[PDB]
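For this chain, numbers begin at 1 and follow the sequence in order.
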Amino acid sequence: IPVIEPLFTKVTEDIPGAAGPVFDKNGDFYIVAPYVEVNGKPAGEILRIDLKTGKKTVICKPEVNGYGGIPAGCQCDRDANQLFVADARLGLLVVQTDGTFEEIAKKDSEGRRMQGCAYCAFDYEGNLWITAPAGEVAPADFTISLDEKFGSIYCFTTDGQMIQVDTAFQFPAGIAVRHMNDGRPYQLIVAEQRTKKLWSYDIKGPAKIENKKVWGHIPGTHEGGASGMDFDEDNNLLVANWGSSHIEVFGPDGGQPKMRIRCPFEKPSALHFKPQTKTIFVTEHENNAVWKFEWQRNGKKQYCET
Ligand SMILES: O=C1Nc2ccccc2[C@@]23OCC[C@@H]2C[C@@H]13
């Protein structure tokens, strides 16, 4: 498998659990710090990053009824400049740039308590596909599906339904939507981190997925596996391989990586393209920092750019 070794440039540092890189509609850059603690308990943060200096501004320190959040992954909305944030303690948040936030759902459409969420991805129809590797949200005790298969997959639809669409995953992590060239949502890809598998489904409509199959396999002997992922404009899937020091590059049909991207750090946790550029911003847990590098082509347009 060919490997490339592009130059990485440091963006910012000192971010506990750095993850959830995202750009809003104005081009501002944000990340999450899931692992910040105060008085011995979770107190994670959502931060805006000055791209010139790497200066960090805390946007939001989400807490609900005295239970602090573990914000873990982000996407930007289209019709309003607001961030959808997957939170491993609080479920799904909508965070405004002014710092105000709302917990969007605490129960699914079957009436059961939400599971804590980690990554999410909008399709072009505005439905948000979400991985939930944690156990029940606060006030339940915090657990994650690293060793047991209780992680779940949700779709939060444009009608405001939070629908559990699959379950029994061993730490579901990155998630991405592949669209037809004409814009129709076609496939959902889900990383099952602790089985080294990427799963695909056919998207038949809002919260409707069928044809579940193993789509690709993640290399590596390390502890970990696929974390965050996103498509480039050719529908190659770039997949951070936590613990392997690489981002894997899959062609549209999956299988084994057709190329690897060597990183100067062990634990890439998430990645996100800067809009209308070939620049990928990468969070990582070796140094708890953010970097950028130049890919071969632009990213796939995100929902917020449509
Ligand atoms: O892929 C991963 N994504 C994220 C994202 C946010 C916070 C922590 C993590 C992880 O850190 C070790 C346990 C968990 C698996 C890694």
Side-chain angles (χ1 to χ4, degrees), residues 1-8 15 17-21 34-35 72-73 86 88 118-119 121 131-134 144-151 153 166 168-176 178 187-201 212-232 235-273 280-296 299:
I1 308 155
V3 189
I4 59 163
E5 205 152 320
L7 169 70
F8 282 70
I15 302 153
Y35 286 159
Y119 298 74
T131 59
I144 52 176
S145 57
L146 290 180
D147 301 297
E148 301 299 338
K149 277 185 165 77
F150 61 84
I153 317 297
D166 202 0
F169 276 74
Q170 211 179 326
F171 203 87
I175 188 161
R178 179 187 172 185
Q187 285 184 320
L188 185 70
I189 311 297
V190 178
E192 186 181 27
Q193 178 174 118
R194 295 314 176 90
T195 66
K196 302 278 208 273
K197 289 179 208 177
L198 304 177
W199 292 91
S200 68
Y201 313 72
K212 183 183 182 180
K213 330 158 82 173
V214 180
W215 184 83
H217 297 266
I218 299 291
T221 55
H222 62 311
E223 169 167 32
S227 56
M229 64 171 61
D230 258 331
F231 282 109
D232 77 7
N235 291 326
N236 302 306
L237 188 68
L238 288 82
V239 181
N241 190 351
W242 197 101
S244 87
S245 306
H246 290 79
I247 295 160
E248 319 296 350
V249 185
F250 291 85
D253 300 318
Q256 312 288 153
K258 62 190 199 173
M259 159 198 325
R260 316 185 75 195
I261 304 168
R262 193 145 218 291
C263 303
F265 41 80
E266 270 166 20
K267 294 155 165 148
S269 63
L271 57 87
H272 201 85
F273 283 84
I280 300 180
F281 285 73
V282 181
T283 53
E284 52 96 356
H285 292 170
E286 163 161 7
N287 308 288
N288 281 332
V290 188
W291 308 67
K292 61 183 186 168
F293 76 100
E294 295 297 306
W295 179 230
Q296 295 183 347

*asked:* Is it the case that the side chain of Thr131 and the backbone of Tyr119 share a donor-acceptor pair, with hydrogens and angles ignored and the cut-off at 3.5 Å?
replied: yes
_Member of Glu248, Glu266, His246 meeting the side chain to side chain donor-acceptor pair (under 3.5 Å) criterion with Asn241_ = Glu248
*What class does the angle between the rings of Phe250 and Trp215 fall in, given that below 30° is parallel, 30 to 60° is tilted and above 60° is perpendicular?*
tilted
*Donor-acceptor pair, side chain of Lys196 and main chain of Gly224, under 3.5 angstrom*: yes
_Side chains of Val282 and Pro21, heavy atoms from C-beta outward: is any pair under 4.5 Å?_
no
*Relative to the ring of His285, is the ring of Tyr35 parallel (under 30°), tilted (30 to 60°) or perpendicular (over 60°)?*
tilted
_List the residues meeting side-chain hydrogen bond (donor to acceptor under 3.5 Å, both in side chains) with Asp166, not counting sequence neighbours, and say none if there are none._
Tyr201, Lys212
*Might you confirm whether atom CD of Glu294 has over 12 heavy atoms from other residues, nucleotides or ligands at distances under 6.0 Å?*
yes
*Report the distance from atom CG of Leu237 to atom CG of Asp230, rounding to the nearest 0.5 Å.*
7.5 Å
*How are the rings of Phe265 and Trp291 set relative to one another: parallel (under 30°), tilted (30 to 60°) or perpendicular (over 60°)?*
tilted
*Say whether, by atom type as modelled, one donor and one acceptor occur between the side chain of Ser145 and the main chain of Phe150 under 3.5 angstrom.*
no
*Is any side-chain heavy atom of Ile247 closer than 4.5 Å to a side-chain heavy atom of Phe293?*
yes
*Side-chain contact test, heavy atoms from C-beta onward, threshold under 4.5 Å: evaluate it for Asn236 versus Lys258 and give yes or no.*
yes
*asked:* Ignoring hydrogens, what is the shortest heavy-atom contact between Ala19 and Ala72? Give both atom names and the distance.
replied: CB-O, 3.6 Å
*Which atom pair, heavy atoms only, marks the closest approach of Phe281 to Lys292?*
CZ-CD, 3.9 Å
*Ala121 and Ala176: which non-hydrogen atoms are nearest, and at how many Å?*
CB-CA, 4.1 Å
*asked:* Looking only at the side chains, is there a donor atom on one of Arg194 and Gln170 sitting less than 3.5 Å from an acceptor on the other?
replied: no
_Is the shortest side-chain heavy-atom distance between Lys149 and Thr195 below 4.5 Å?_
yes
*Start with the C-alpha distance between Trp199 and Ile153, add both sets of side-chain angles, then the distance that settles side-chain contact (heavy atoms from CB on, under 4.5 Å), and finish with yes or no.*
CA-CA 12 Å; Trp199 292 91; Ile153 317 297; over 6 Å; no
_Rounded distance [0.5 Å steps], CE in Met259 versus CD1 in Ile1_ = 11.0 Å
_Surrounding CD of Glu148 (heavy atoms of other residues, nucleotides or ligands, distance under 6.0 Å), is the total greater than 12?_
no
*With no hydrogens and no angle check, is any side-chain donor or acceptor of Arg178 less than 3.5 Å from a backbone partner on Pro252?*
yes
*Hey, could you give me the NZ/NZ distance between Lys213 and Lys197, rounded to the nearest 0.5 Å?*
14.5 Å
*Could you tell me whether the side chains of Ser227 and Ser269 share a donor-acceptor contact shorter than 3.5 Å?*
no
*Kindly give the heavy-atom pair with the smallest separation between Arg262 and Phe8, and that separation in Å.*
O-CE1, 3.4 Å
_Looking at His222 and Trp242, would you say the former's side chain and the latter's main chain have a donor-acceptor pair under 3.5 Å?_
yes
*Nearest atoms (heavy-atom pairs only) where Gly243 meets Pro268*: N-CD, 4.5 Å
*Option among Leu271, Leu238, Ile189 that satisfies the side chain to side chain contact (heavy atoms under 4.5 Å, CB included) test with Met229*: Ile189
*Do you know the tightest heavy-atom contact between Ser244 and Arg260?*
OG-NH2, 3.9 Å
*Hey, could you give me the CG/CD1 distance between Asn288 and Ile15, rounded to the nearest 0.5 Å?*
8.0 Å
